[PDB]
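First up is the structure itself, then whatever we jot down about it.
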Amino acid sequence: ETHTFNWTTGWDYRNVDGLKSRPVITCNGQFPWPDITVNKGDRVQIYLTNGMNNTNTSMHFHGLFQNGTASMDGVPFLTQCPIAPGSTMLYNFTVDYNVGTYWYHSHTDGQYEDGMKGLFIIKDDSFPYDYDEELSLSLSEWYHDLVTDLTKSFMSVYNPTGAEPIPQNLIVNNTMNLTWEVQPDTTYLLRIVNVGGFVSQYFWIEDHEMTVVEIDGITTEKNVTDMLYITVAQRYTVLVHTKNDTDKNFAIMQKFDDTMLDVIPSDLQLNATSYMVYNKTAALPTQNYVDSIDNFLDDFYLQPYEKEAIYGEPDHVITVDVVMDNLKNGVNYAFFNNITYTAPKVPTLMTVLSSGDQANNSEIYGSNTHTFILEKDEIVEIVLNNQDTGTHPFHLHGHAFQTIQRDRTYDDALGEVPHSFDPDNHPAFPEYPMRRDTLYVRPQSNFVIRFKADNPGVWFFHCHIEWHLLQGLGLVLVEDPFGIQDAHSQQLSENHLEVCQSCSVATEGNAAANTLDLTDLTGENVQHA
Ligand SMILES: *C1O[C@H](CO)[C@@H](O[C@@H]2O[C@H](CO)[C@@H](O[C@@H]3O[C@H](CO[C@H]4O[C@H](CO)[C@@H](O)[C@H](O[C@H]5O[C@H](CO)[C@@H](O)[C@H](O)[C@@H]5O)[C@@H]4O)[C@@H](O)[C@H](O[C@H]4O[C@H](CO)[C@@H](O)[C@H](O)[C@@H]4O)[C@@H]3O)[C@H](O)[C@H]2NC(C)=O)[C@H](O)[C@H]1NC(C)=O
Ligand SMILES: *[C@@H]1O[C@H](CO)[C@@H](O[C@@H]2O[C@H](CO)[C@@H](O[C@@H]3O[C@H](CO[C@H]4O[C@H](CO)[C@@H](O)[C@H](O)[C@@H]4O)[C@@H](O)[C@H](O[C@H]4O[C@H](CO)[C@@H](O)[C@H](O)[C@@H]4O)[C@@H]3O)[C@H](O)[C@H]2NC(C)=O)[C@H](O)[C@H]1NC(C)=O
Ligand SMILES: *[C@@H]1O[C@H](CO)[C@@H](O[C@@H]2O[C@H](CO)[C@@H](O[C@@H]3O[C@H](CO[C@H]4O[C@H](CO)[C@@H](O)[C@H](O)[C@@H]4O)[C@@H](O)[C@H](O[C@H]4O[C@H](CO)[C@@H](O)[C@H](O)[C@@H]4O)[C@@H]3O)[C@H](O)[C@H]2NC(C)=O)[C@H](O)[C@H]1NC(C)=O
Ligand SMILES: *[C@@H]1O[C@H](CO)[C@@H](O[C@@H]2O[C@H](CO)[C@@H](O[C@@H]3O[C@H](CO)[C@@H](O)[C@H](O)[C@@H]3O)[C@H](O)[C@H]2NC(C)=O)[C@H](O)[C@H]1NC(C)=O
Ligand SMILES: *[C@@H]1O[C@H](CO)[C@@H](O[C@@H]2O[C@H](CO)[C@@H](O[C@@H]3O[C@H](CO)[C@@H](O)[C@H](O)[C@@H]3O)[C@H](O)[C@H]2NC(C)=O)[C@H](O)[C@H]1NC(C)=O
Ligand SMILES: *[C@@H]1O[C@H](CO)[C@@H](O[C@@H]2O[C@H](CO)[C@@H](O)[C@H](O)[C@H]2NC(C)=O)[C@H](O)[C@H]1NC(C)=O
Ligand SMILES: *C1O[C@H](CO)[C@@H](O)[C@H](O)[C@H]1NC(C)=O
Ligand SMILES: *[C@@H]1O[C@H](CO)[C@@H](O)[C@H](O)[C@H]1NC(C)=O
Ligand SMILES: *[C@@H]1O[C@H](CO)[C@@H](O)[C@H](O)[C@H]1NC(C)=O
Ligand SMILES: *[C@@H]1O[C@H](CO)[C@@H](O)[C@H](O)[C@H]1NC(C)=O
Ligand SMILES: *[C@H]1O[C@H](CO)[C@@H](O)[C@H](O)[C@H]1NC(C)=O
Ligand SMILES: [Cu+]
Ligand SMILES: [Cu+]
Ligand SMILES: [Cu+]
Ligand SMILES: [Cu+]
């Protein structure tokens, strides 16, 4: 079945918070943006039109593998060139390899924080568990200023610390103090999605246990908890069974991970209360006080319903250290090893599709682009060493990876230093590792993920904290470029080329005109020595 949408971006005032009428990004004049629900193997065709006066746009469908259709991933200068004001890009893709809970968001500057985001649900007939009803909750933080404005003082010489701007409130389904009307003795499938741009959240329901049955599109064995820690971009789908009494109402609770906040403003409501309503007439629940925020479920120990044994020894190991540092222009950037992601003059995919037999040479994709080439079916391992004292949720396009190590917090307040993964010295990896698309490193810690390069494409690996992505915390994976070239489904459509010309962005071979293919590029500001 084909679902066709016609959506146009725009700006309108809303008071999402309850406390500031403020421009938000609308879809055809409406807010919030719609949610898509399709069946396994359906076709989705979205005509996105940039109706904004002065920004570019894009749309990325988070978690979808885009197998055979990399062009549709929606990452400017990886997958497409940006959508210019007035232009219309057609996103045309099938959904043959994904099931469960996903979302879509703009992949331009900070755009999605300003409202351009929505849920994408794929149903399957073979979901193992029973439930009576189903819904979602979209957790997020909310700012009173647009990202464009915050960026001016975020990426600034008057911000040498790289301190990320502090949000004004937590929101659910684009309000505060939300009502969820329930029926007694009923099992609800509750999709909890963190569609925020920055802050991790703790989530729990007063006097109700939660049975985790899916993370990031991957069905899991039932795991019961009282509390979840959800980073931005991740999804926990959870079974909740309601009580027999219609006598009392219960608090739905979301809490900031204030650890991630540079400073805590004294008036910021760190924890927000919503309402699970059994009785429409009874007392609205007060805040549910919790004794500890240290006993949330560690998703590392989750067990996929479809077991896959840990992949064998890696053919390709990528080791990256994560740090924040100041450059020559005095502003604070984010680094994978010694590289801040700096967008190229020609989108990654566009150069692979016109480099012919030189697509295997890493040099042509640029030096300041952090591009790696992955071989036909090789097992790839990413080793990430956090040298920064914060938590980061890293996300990988095109794959759900195996999480084989994710070390403990190394708290610098207790005097502890950063620790890297040591291939010679580490706990035994799990036999059947957890799988997902978005995973956090703990402060000053490390993680190791593994996946098979079985999905020809161009895939972004980055921190999903919008501020850190703006700081350039990302790298590019090119999965067998020859596999990309050989597949017909992968060739760029007339519409996409039309977007590029309308944007005055080339489809050549990184800078140079398909002529020597050895560059004279676009670099990062030089180092501080
Ligand atoms: C859910 O329920 C919550 C709590 O009930 C509702 O939030 C309340 O909203 C009202 C109306 O928007 C707020 O009243 C306004 O208060 C401001 C001053 O606000 C400041 O001082 C407060 C007192 O300590 C403090 O609570 C505020 O903190 C909040 O805001 C900051 C961001 O600013 C945020 O980070 C925090 O997390 C808090 O949310 C804040 O520091 C006052 O200036 C307002 O305007 C008056 O004057 C002007 C005249 O120019 C006029 O426009 C108005 O009519 C008014 O006369 C107004 O009094 C109230 O502070 C909020 N209460 C709390 C405790 O947060 C929320 O709206 C509900 N959500 C929904 C339905 O979306
Ligand atoms: C926060 O925001 C999210 C949206 O982002 C809301 O999520 C939606 O919640 C509603 C329930 O409140 C869900 O609606 C239910 O969908 C079920 C399945 O979808 C079927 O229907 C459509 C038809 O176009 C097709 O996809 C296909 O037919 C599916 O089978 C239905 O079972 C429900 O249908 C209706 O009839 C039955 C009669 O038995 C009634 O019981 C229902 O109430 C209803 O009238 C129902 O429509 C919806 O799926 C959720 N969407 C998403 C994206 O998850 C949250 O509700 C909101 N949170 C709060 C508290 O407001
Ligand atoms: C949405 O719309 C487009 C999407 O691409 C953006 O417009 C482009 O912006 C980029 C950067 O964001 C521009 O790239 C820059 O070009 C500079 C000058 O190049 C011009 O001059 C030659 C002259 O022959 C032209 O051929 C060319 O088209 C340009 O007009 C470069 O100087 C910049 O790189 C580097 O400059 C300094 C100076 O030494 C170096 O030190 C650094 O390496 C630095 O990176 C840079 O590459 C591009 O020109 C813009 N227009 C296009 C492609 O038409 C919008 O920015 C975007 N809107 C927003 C903000 O959302
Ligand atoms: C949305 O994407 C799909 C996937 O490519 C497009 O469907 C395809 O459309 C093309 C041309 O419109 C079809 O090409 C035709 O192929 C036949 C043989 O199958 C050949 O005889 C013709 O000469 C022609 O080239 C292609 O078959 C078709 N595939 C499917 C799955 O239907 C679609 O066009 C895209 N755009 C739209 C309509 O929005
Ligand atoms: C936001 O949420 C947190 C967590 O719910 C709130 O902190 C909690 O505050 C309560 C009391 O205000 C603490 O309970 C105490 O527990 C001991 C048990 O030994 C008991 O003897 C005391 O009588 C008391 O009840 C609780 O520890 C504390 N939770 C944590 C993890 O610190 C916080 O107050 C909320 N923010 C608000 C409403 O301003
Ligand atoms: C449910 O999750 C828990 C942890 O959240 C897993 O059980 C234990 O987890 C600890 C770490 O706290 C590990 O040392 C062990 O794997 C378990 N310990 C005990 C008490 O035996 C469990 O694996 C999960 N169950 C699922 C997904 O079915
Ligand atoms: C969507 O509808 C608009 C009206 O806002 C119309 O102009 C356009 O043709 C439609 N989009 C596409 C590209 O089909
Ligand atoms: C709702 O709660 C009130 C007490 O606040 C009670 O009087 C009323 O009967 C309840 N409604 C039902 C039918 O559950
Ligand atoms: C850091 O990466 C390598 C390390 O040897 C070096 O060649 C390169 O110049 C540095 N990156 C850039 C281009 O800033
Ligand atoms: C891509 O499709 C191929 C062919 O069906 C399949 O073998 C592979 O597993 C797919 N990759 C992903 C990421 O689903
Ligand atoms: C690129 O992969 C090919 C196999 O297609 C192989 O010959 C070689 O090891 C790789 N070459 C480079 C330049 O890394
Ligand atoms: Cu995403
Ligand atoms: Cu993604
Ligand atoms: Cu980060
Ligand atoms: Cu991304």
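If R0 is taken as 22 Å, the Cβ-Cβ distance between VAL526 and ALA163 corresponds to a FRET efficiency of 0.40. With a cut-off of at most 15 other beta carbons within 10 Å, and DSSP calling the residue loop, which chymotrypsin sites (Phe, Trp or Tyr not before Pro) in region 268-301 qualify? Please list them. Taking region 268-301 and a limit of 15 other Cβ atoms within 10 Å, the loop chymotrypsin sites (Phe, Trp or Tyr not before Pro) found are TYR289. For the peptides 264-274, 435-445, 497-507, residues were scored by their other Cβ atoms within 10 Å and the scores averaged per peptide; the highest-first order is 435-445, 497-507, 264-274. Cross-link partners for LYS328 among the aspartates and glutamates, with Cα-Cα distance under 12 Å and sequence neighbours closer than 8 places in the same chain left out: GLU524.
Here the simple spin-label model places points 7 Å from the Cα toward Cβ, and for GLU221 and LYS20 these points are separated by 4.6 nm. According to the square roots a ≥ b ≥ c of the eigenvalues of the Cα gyration tensor, what is the shape class of region 22-97, taking rounded for a/c under 1.5, prolate for a/b larger than b/c otherwise, and oblate for the remainder? Taking the square roots of the gyration eigenvalues as a ≥ b ≥ c, region 22-97 is oblate. Positive end of the dipole of region 307-504 (Cβ unit charges, origin at the Cα centre): among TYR341, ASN326, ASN361, the Cα lying farthest that way belongs to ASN326.
Helix 494-503 and the long axis of the chain differ in direction by around 80°, with both axes built from C-alpha atoms.
Sorting 26-39, 511-524 by their mean Cβ neighbour count within 10 Å, with the most densely packed peptide first, gives 26-39, 511-524.
Within the straight-line cut-off of under 14 Å between alpha carbons, the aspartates and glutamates reachable from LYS117 are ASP35, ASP109, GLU141, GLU466, sequence neighbours fewer than 8 places apart in one chain being disregarded. Enumerate the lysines that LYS248 could reach by cross-link, defined here as Cα to Cα under 22 Å, with residues fewer than 8 away along the same chain left out. List returned: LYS280. Put the Cα centre of region 361-380 next to the Cα centre of region 149-190 and the gap is 35 Å. Highest mean first, the peptides 182-189, 139-146 sorted by other C-beta atoms within 10 Å per residue fall in the order 139-146, 182-189. If you average the alpha carbon positions of region 208-257 and of region 270-329, how far apart do those two centres end up, in angstrom? Using only Cα atoms to place each centre, the spacing works out to 11 Å.
This ranking places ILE373, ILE449, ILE192 by how few other beta-carbon atoms lie within 10 Å of each, fewest first, which gives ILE373, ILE192, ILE449. Name the shape class, rounded, prolate or oblate, that the alpha-carbon gyration tensor gives for the chain, where a ≥ b ≥ c are the square roots of its eigenvalues, rounded holds for a/c under 1.5, and otherwise prolate holds if a/b is larger than b/c and oblate otherwise. Rounded shape, in that the Cα axes give a/c under 1.5.
For the chain, the antiparallel share of DSSP beta bridges with both residues in that region comes to about 75%.
If each residue of separation counts as 0.36 nm, what is the full-extension length gain between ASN361 and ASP377 once their alpha-carbon separation is subtracted?
That works out to 4.0 nm of additional length.
Near the amide H of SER87, within less than 5 Å, lie the amide hydrogens of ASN50, all on another chain or at least 5 residues away, with H placed in the peptide plane. The charge dipole of the chain, taken about its Cα centre with unit charges on the Cβ atoms of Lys, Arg (+1), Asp and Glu (-1) only, comes to about 1180 debye. Report, in listed order, any pair from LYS20/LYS255; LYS222/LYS452; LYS123/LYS243; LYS40/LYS123 with a Cα-Cα distance greater than 18 Å. Violating the 18 Å Cα-Cα cut-off are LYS20/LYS255; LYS222/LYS452; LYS123/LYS243. Taking every DSSP beta bridge that has both ends in region 307-504, the antiparallel portion is near 75%. Residue-wise HN-Hα couplings along region 47-56, as the Karplus relation 6.51 cos²θ - 1.76 cosθ + 1.60 with θ = phi - 60° gives them from phi, are 8, 8, 10, 6, x, 7, 6, 8, 9, 7 Hz; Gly and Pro carry x. Annotation: for a label point projected 7 angstrom from Cα along Cα→Cβ of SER489, residues of region 34-65 with backbone N closer than 17 Å are 39-46, 61, 63-65. Quick one: putting +1 on the C-beta of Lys and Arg, -1 on the C-beta of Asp and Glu, what dipole do you get for region 1-128 around its Cα centre, in Debye to the nearest 20? With only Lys, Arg, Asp and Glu charged at Cβ, the dipole is about 220 debye.
Laboratory data are not the source of any read-out in this text; all were calculated from the coordinates shown. All Cβ positions, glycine included, derive from the backbone under ideal geometry; neighbour counts span all protein chains shown.
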